[PDB]
*Asks:* 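There's a structure below that I have some questions on.
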Amino acid sequence: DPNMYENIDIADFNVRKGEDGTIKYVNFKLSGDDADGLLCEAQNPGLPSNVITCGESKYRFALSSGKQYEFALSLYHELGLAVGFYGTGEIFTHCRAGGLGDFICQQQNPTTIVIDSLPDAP
Ligand SMILES: [Ca+2]
Ligand SMILES: [Cl-]
């Protein structure tokens with residue numbers, strides 16, 4: 001963690017929720033050591049979602065419920081190694097009306113999530 005890691009910048013994180021609370025769509029732009037404003041997106045991802053690949057890249061993500069904020073992101077980067085980079089962070093969102101009952105919950109400030117080759121802290 002302190003020495004071998006990758007800073008992932010998340011921007012424009014956006015989630016559309018139905019009146020249901022079901023996730024209709026999730027969208028964000030990822031920047032890292034090998035990405036600049038890479039689109040990560042999913043329609044009907046589930047909560048928690050499966051691991052989803054960003055475009056054609058070696059970056060992937062999963063969406064889950066946070067503990068401080070509503071949404072948490074898990075991020076993955078395949079390195080061509082037997083181990084990969086992984087990390088999780090919560091993203092503050094402000095929710096607005098999305099039309100016909102929907103919510104659109106939107107990140108207000110870019111945030112950084114650190115990923116590395118260690119698993120989750122206990
Ligand atoms: Ca990690
Ligand atoms: Cl971790």
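Positions are given from 1 along the sequence.
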*Asks:* With rounding to the nearest 0.5 angstrom, report the CG to OG1 distance, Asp9 to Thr111.
*Replies:*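 Taking CG in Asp9 and OG1 in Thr111, the distance rounds to 8.0 Å.
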
*Asks:* I want to check something: taking the side chain as every heavy atom from C-beta on, are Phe28 and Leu73 in contact at a cut-off of under 4.5 Å?
*Replies:*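 Side-chain contact under 4.5 Å: yes.
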
*Asks:* Would a distance-only check, ignoring hydrogens and angles, find a side-chain to backbone donor-acceptor pair under 3.5 Å from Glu70 to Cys105?
*Replies:*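 No; judged by distance alone, with no hydrogens or angles, the pair does not exist.
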
*Asks:* To the nearest 0.5 Å, what is the distance between NZ on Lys24 and CG on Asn44?
*Replies:*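 Between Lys24 NZ and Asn44 CG, I get 9.0 Å after rounding to 0.5 Å.
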
*Asks:* About how many Å separate CD1 of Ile52 and CZ of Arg60, when rounded to the nearest 0.5 Å?
*Replies:*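 One gets 8.5 Å once the value is rounded to the nearest 0.5 Å.
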
*Asks:* Please determine which of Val26, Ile113, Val51, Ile8 meets the side chain to side chain contact (heavy atoms under 4.5 Å, CB included) test together with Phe61.
*Replies:*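 Only match with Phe61 under side chain to side chain contact (heavy atoms under 4.5 Å, CB included): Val26.
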
*Asks:* Of all heavy-atom pairs between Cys54 and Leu39, which one has the smallest distance, and what is that distance?
*Replies:*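 Smallest interatomic distance, heavy atoms only, reads CB-O, 3.6 Å.
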
*Asks:* Quick one: closest heavy-atom pair of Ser57 and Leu38, and the distance?
*Replies:*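 Taking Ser57 first and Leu38 second, the nearest heavy atoms are OG-CD2, 3.3 Å.
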
*Asks:* Identify whether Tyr76 and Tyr5 are in the same connected component of the hydrophobic contact network (ILVMFWY, side-chain heavy atoms under 4.5 Å).
*Replies:*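 Not linked; separate clusters.
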
*Asks:* Hydrophobic clustering (ILVMFWY, side-chain heavy atoms < 4.5 Å, transitive) - are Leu75 and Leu118 grouped together?
*Replies:*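 Looking at the clustering, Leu75 is in a separate group from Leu118.
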
*Asks:* Evaluate whether atom NZ of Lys58 has more than 12 neighbouring non-hydrogen atoms of other residues, nucleotides or ligands under 6.0 angstrom away.
*Replies:*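 No, NZ of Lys58 has 12 or fewer neighbouring heavy atoms, counting only those of other groups under 6.0 Å.
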
*Asks:* Between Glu19 and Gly21 (side chain of the first, backbone of the second, donor and acceptor by atom type, cut-off under 3.5 Å), is there such a pair?
*Replies:*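 Checked: no pair found.
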
*Asks:* Could you tell me whether a side-chain N or O of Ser49 sits under 3.5 Å from a main-chain N or O of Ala62, the two making a donor and an acceptor?
*Replies:*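 Side chain of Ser49 to backbone of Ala62: no pair is present.
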
*Asks:* Quick check for you: to the nearest 0.5 Å, what is the distance between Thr112 atom OG1 and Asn7 atom CG?
*Replies:*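 Here the rounded value is 6.0 Å.
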
*Asks:* Any donor-acceptor pair under 3.5 Å linking the side chain of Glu90 with the backbone of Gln68?
*Replies:*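 Between the backbone of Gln68 and the side chain of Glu90 there is a qualifying donor-acceptor contact (under 3.5 Å).
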
*Asks:* I'd like to know whether CG of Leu100 has more than 12 heavy-atom contacts from other residues, nucleotides or ligands below 6.0 angstrom.
*Replies:*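 No - once you tally the heavy atoms of other residues, nucleotides and ligands closer than 6.0 Å, there are 12 at most.
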
*Asks:* Closest approach of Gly37 and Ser31, non-hydrogen atoms and distance?
*Replies:*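 The answer is N-OG, 3.0 Å.
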
*Asks:* Could you tell me whether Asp36 atom CG has more than 12 heavy atoms of other residues or ligands within 6.0 Å of it?
*Replies:*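 No, CG of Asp36 has 12 or fewer neighbouring heavy atoms, counting only those of other groups under 6.0 Å.
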
*Asks:* Quick check for you: to the nearest 0.5 Å, what is the distance between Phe13 atom CZ and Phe92 atom CZ?
*Replies:*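 The distance works out to 12.5 Å.
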
*Asks:* Check for me, please, whether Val15 and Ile10 land in the same ILVMFWY cluster - side-chain distances under 4.5 Å, paths through other members count.
*Replies:*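 In one cluster with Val15: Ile10, yes.
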
*Asks:* Should we count CD of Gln43 as having more than 12 external heavy atoms under 6.0 Å?
*Replies:*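 No.
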
*Asks:* Answer whether the closest heavy-atom distance between the side chains of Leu63 and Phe71 falls below 4.5 Å.
*Replies:*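 In short, these two side chains touch, coming nearer than 4.5 Å.
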
*Asks:* Counting only heavy atoms from other residues, nucleotides and ligands, does the tally under 6.0 Å from NZ of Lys17 exceed 12?
*Replies:*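 Yes, because the 6.0 Å sphere around NZ of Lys17 holds more than 12 heavy atoms from other groups.
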
*Asks:* Do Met4 and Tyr86 belong together in a cluster built from hydrophobic side chains that touch within less than 4.5 Å?
*Replies:*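 Shared cluster, no.
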
*Asks:* Closest heavy-atom contact between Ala35 and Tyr59?
*Replies:*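 In terms of heavy atoms, the two residues are closest at CB-CE1, 3.6 Å.
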
*Asks:* Do the side chains of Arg16 and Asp102 get close enough for a salt bridge, i.e. N-O under 4.0 angstrom?
*Replies:*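 Result for this pair is yes, salt bridge flagged.
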
*Asks:* Rounded to the nearest 0.5 Å, what separates atom CG in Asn14 from atom CZ in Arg96?
*Replies:*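 So the CG of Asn14 and the CZ of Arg96 are separated by 9.0 Å.
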
*Asks:* Would you find a donor on one side and an acceptor on the other, under 3.5 Å apart, between the side chain of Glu6 and the backbone of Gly32?
*Replies:*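 Pair absent, no side-chain N/O of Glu6 close to backbone of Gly32.
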
